Structures are given as C-alpha cells and as structure tokens.
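Since the structure comes first, as structure tokens, the remarks are kept for the end.
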Amino acid sequence: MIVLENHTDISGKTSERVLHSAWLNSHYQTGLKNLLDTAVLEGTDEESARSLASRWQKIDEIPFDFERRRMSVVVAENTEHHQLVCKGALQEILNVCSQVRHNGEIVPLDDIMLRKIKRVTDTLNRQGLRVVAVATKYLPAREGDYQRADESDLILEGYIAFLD
C-alpha cells in the first residue's frame, strides 16, 4: 500500500498548506487517476477534506499529459480570484516555477533556494520516498479556458512524499 508519509515546505518541515493544496489537486483532477493521489486523499483528515471541498469550487483543469508530466486544477472560493494548483515530479515542476514560499514570504527561486530544494529532495529520494512537488499561482478570474502555457511563474510550495 502506498502511503502519504510527508507533506512539507521546501525545507522539509511539515506544512498543512502543502497538504491542502495537494488534496485539492488530487480531489478535482480527472486526467490521470493514480495511486499517489489516492494516498493523498486517504492521508488527509475528513474534517479538512470536508472544509476544503466545500470552500474551493472547481473552475477548470489543465489535464495530465505524458510529455510535460504535470497536472493542474484551478479552484475558487469566490468568483473574483482563482488558485491554480499544479503537481508532478520535481524537475518538471521546477521547470515552471519562478518563485518559492519561504518562511511566509513569496521569493524568487534563486540559486540558494535551489540548493536547499536539491538537498531536501535528494535526501527524501535516498530514503526510498517518492517525491511529488506542489506549486501554485494566485490569479484574477478569467472567462476563457486554462491552457498548458498557464503553468508558468508558479510558486513552489513544497513536496508530498510517499512510502510503499
């Protein structure tokens, strides 16, 4: 059984924000149902899941494909603003992130941040954990569809890690 073991900020410290973001993607994505998303849904408390599902309505998705290997959902708690939530393997997510959330601030994903991310995720991998990175973008509402090109200038939130 694949089990959600970790949900962390980029430094590897436990984060509810990261779990909740991952949950929303796992709950609302329809492009590629999978055992990792099932583990996220199983590893989230029912109270949190109920609150998230109720508050955040599904707006759109940017379904998984096998070339870019990311998937996004867009959700909204009110009409005026959209939250895009993207997840995938680390490198594919890093490719479309320009920012990172670090100690309650959104800052550039610069060389010092990348070194921290490399260290934490290399450590997770060496321990036998499967790592999925989670990134977001907060947007004004749009009338049109979301597209693959919208996965850009994302904010890396952290990672979810799984153990078999």
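All residue names refer to the structure tokens as shown: chains lettered A, B, ... in order, residues numbered from 1 in each chain, ligands numbered from 1 in order.
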
Every residue of range 8-144 of chain A that DSSP places in strand (DSSP E), as a PyMOL selection string: chain A and resi 8+57-62+70-76+81-88+97-102+105-108+130-140

Export of the given selection (C-alpha atoms) as a compact mmCIF listing (two decimals), in the first residue's frame:
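And here's part.txt as it stands now:
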# COMPACT_ATOMS: atom_id res chain seq x y z
CA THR A 8 6.46 19.59 3.78
CA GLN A 57 -15.05 25.08 -6.09
CA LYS A 58 -13.59 23.56 -9.24
CA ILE A 59 -13.13 26.06 -12.09
CA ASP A 60 -11.05 24.17 -14.66
CA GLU A 61 -8.16 21.82 -15.14
CA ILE A 62 -5.04 21.50 -17.21
CA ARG A 70 2.39 17.83 -14.74
CA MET A 71 -1.29 18.26 -13.95
CA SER A 72 -3.16 21.32 -12.70
CA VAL A 73 -6.53 22.20 -11.27
CA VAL A 74 -7.93 25.69 -10.84
CA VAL A 75 -10.20 26.34 -7.86
CA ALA A 76 -12.00 29.34 -6.41
CA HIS A 81 -9.92 35.12 -7.77
CA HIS A 82 -8.61 31.74 -8.99
CA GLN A 83 -5.97 29.48 -7.39
CA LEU A 84 -4.08 27.28 -9.83
CA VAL A 85 -2.56 24.18 -8.19
CA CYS A 86 0.00 22.16 -10.15
CA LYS A 87 1.79 18.96 -9.17
CA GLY A 88 4.28 16.50 -10.66
CA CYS A 97 8.38 27.76 -11.08
CA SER A 98 9.97 31.18 -10.70
CA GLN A 99 9.07 31.64 -7.02
CA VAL A 100 9.02 29.76 -3.76
CA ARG A 101 7.21 30.23 -0.49
CA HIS A 102 9.83 30.53 2.23
CA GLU A 105 7.12 35.11 2.04
CA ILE A 106 6.99 34.56 -1.73
CA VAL A 107 10.56 34.99 -3.01
CA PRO A 108 12.47 34.19 -6.24
CA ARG A 130 8.63 9.03 -3.88
CA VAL A 131 8.53 12.85 -4.15
CA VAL A 132 5.81 14.95 -5.80
CA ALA A 133 6.33 18.72 -5.85
CA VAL A 134 3.39 21.13 -5.37
CA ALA A 135 3.22 24.62 -6.94
CA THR A 136 0.58 27.32 -7.14
CA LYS A 137 -0.37 30.62 -8.76
CA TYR A 138 -2.98 33.10 -7.49
CA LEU A 139 -4.85 34.82 -10.31
CA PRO A 140 -7.76 37.08 -11.22

Residues within 10 Å of residue 127 in chain A, only C-alpha atoms, excluding chain neighbours under 5 positions, as an MDAnalysis selection string: chainID A and resid 121:122 163

Proximity to residue 154 in chain A - best of A:124, A:89, A:96, A:129, only C-alpha atoms: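 Using only C-alpha atoms, the shortest distance to residue 154 in chain A belongs to A:96.
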
Pick from A:90, A:160, A:53, A:10 nearest to residue 39 in chain A, counting only C-alpha atoms: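 Among A:90, A:160, A:53, A:10, it is A:160 that comes nearest to residue 39 in chain A.
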
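The gap separating CA of residue 26 in chain A from CA of residue 40 in chain A is 6.9 Å, in Å to one decimal.
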
For range 41-43 of chain A: contacts at 8 Å, only C-alpha atoms, fewer than 5 positions along chain excluded, given as a ChimeraX atom specification: /A:3-4,23,26-27

Helix (DSSP H, G or I) positions in range 50-163 of chain A, given as a ChimeraX atom specification: /A:50-55,90-94,111-126,148-150

Would you save the residues from that selection as a short mmCIF file (atom, residue, chain, number, x, y, z; two decimals), in the first residue's frame, using N, CA and C atoms?
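Below is the file that was written, part.cif:
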data_model
loop_
_atom_site.label_atom_id
_atom_site.label_comp_id
_atom_site.auth_asym_id
_atom_site.auth_seq_id
_atom_site.Cartn_x
_atom_site.Cartn_y
_atom_site.Cartn_z
N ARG A 50 -13.49 17.85 4.15
CA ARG A 50 -14.85 18.38 4.02
C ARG A 50 -14.84 19.90 3.85
N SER A 51 -14.02 20.57 4.66
CA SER A 51 -13.93 22.03 4.59
C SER A 51 -13.37 22.51 3.24
N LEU A 52 -12.28 21.87 2.79
CA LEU A 52 -11.66 22.21 1.50
C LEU A 52 -12.60 22.03 0.33
N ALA A 53 -13.28 20.89 0.30
CA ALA A 53 -14.15 20.54 -0.82
C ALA A 53 -15.30 21.54 -0.91
N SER A 54 -15.81 21.95 0.25
CA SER A 54 -16.95 22.88 0.32
C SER A 54 -16.58 24.30 -0.12
N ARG A 55 -15.41 24.75 0.30
CA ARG A 55 -14.99 26.15 0.13
C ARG A 55 -14.43 26.38 -1.26
N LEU A 90 9.66 16.51 -9.40
CA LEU A 90 10.35 17.74 -9.03
C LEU A 90 10.85 18.54 -10.21
N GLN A 91 11.56 17.88 -11.13
CA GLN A 91 12.19 18.64 -12.22
C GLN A 91 11.15 19.30 -13.11
N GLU A 92 10.08 18.57 -13.41
CA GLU A 92 9.00 19.08 -14.26
C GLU A 92 8.32 20.27 -13.59
N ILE A 93 8.23 20.24 -12.26
CA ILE A 93 7.64 21.37 -11.55
C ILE A 93 8.63 22.53 -11.47
N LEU A 94 9.89 22.25 -11.14
CA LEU A 94 10.89 23.31 -11.11
C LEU A 94 10.95 24.09 -12.43
N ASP A 111 19.42 30.65 -6.84
CA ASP A 111 20.42 29.60 -6.62
C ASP A 111 20.47 29.05 -5.20
N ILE A 112 20.35 29.92 -4.20
CA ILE A 112 20.37 29.49 -2.81
C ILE A 112 19.14 28.62 -2.49
N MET A 113 17.98 28.99 -3.04
CA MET A 113 16.77 28.20 -2.81
C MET A 113 16.86 26.85 -3.49
N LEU A 114 17.35 26.86 -4.72
CA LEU A 114 17.51 25.62 -5.48
C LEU A 114 18.44 24.63 -4.77
N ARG A 115 19.50 25.14 -4.16
CA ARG A 115 20.41 24.28 -3.39
C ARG A 115 19.72 23.64 -2.19
N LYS A 116 18.90 24.42 -1.49
CA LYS A 116 18.12 23.89 -0.38
C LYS A 116 17.16 22.80 -0.87
N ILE A 117 16.45 23.09 -1.95
CA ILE A 117 15.48 22.15 -2.53
C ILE A 117 16.17 20.85 -2.96
N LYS A 118 17.33 20.98 -3.60
CA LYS A 118 18.09 19.82 -4.05
C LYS A 118 18.46 18.93 -2.86
N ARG A 119 18.92 19.56 -1.78
CA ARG A 119 19.37 18.81 -0.60
C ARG A 119 18.23 18.05 0.06
N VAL A 120 17.10 18.73 0.25
CA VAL A 120 15.96 18.10 0.90
C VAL A 120 15.41 16.96 0.06
N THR A 121 15.22 17.19 -1.24
CA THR A 121 14.63 16.18 -2.12
C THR A 121 15.59 15.03 -2.42
N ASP A 122 16.90 15.30 -2.49
CA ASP A 122 17.87 14.21 -2.65
C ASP A 122 17.82 13.30 -1.42
N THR A 123 17.64 13.90 -0.25
CA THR A 123 17.55 13.16 0.99
C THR A 123 16.29 12.29 1.01
N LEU A 124 15.15 12.85 0.61
CA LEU A 124 13.92 12.08 0.51
C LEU A 124 14.10 10.88 -0.44
N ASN A 125 14.71 11.12 -1.60
CA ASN A 125 14.91 10.06 -2.58
C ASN A 125 15.84 8.96 -2.08
N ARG A 126 16.94 9.35 -1.42
CA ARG A 126 17.89 8.41 -0.83
C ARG A 126 17.24 7.52 0.25
N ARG A 148 -2.03 24.74 -21.10
CA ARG A 148 -0.69 24.35 -20.69
C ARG A 148 0.26 25.53 -20.44
N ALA A 149 0.18 26.57 -21.28
CA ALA A 149 1.01 27.77 -21.13
C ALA A 149 0.81 28.50 -19.80
N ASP A 150 -0.32 28.26 -19.14
CA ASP A 150 -0.57 28.88 -17.83
C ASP A 150 0.29 28.31 -16.70
#

Residue nearest residue 35 in chain A - candidates A:164, A:159, A:103, A:13, atoms counted: only C-alpha atoms: A:164

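Separating CA of residue 48 in chain A from CA of residue 14 in chain A is a distance of 15.8 Å.
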
Computed interatomic separation between CA of residue 46 in chain A and CA of residue 162 in chain A (Å): 19.4 Å
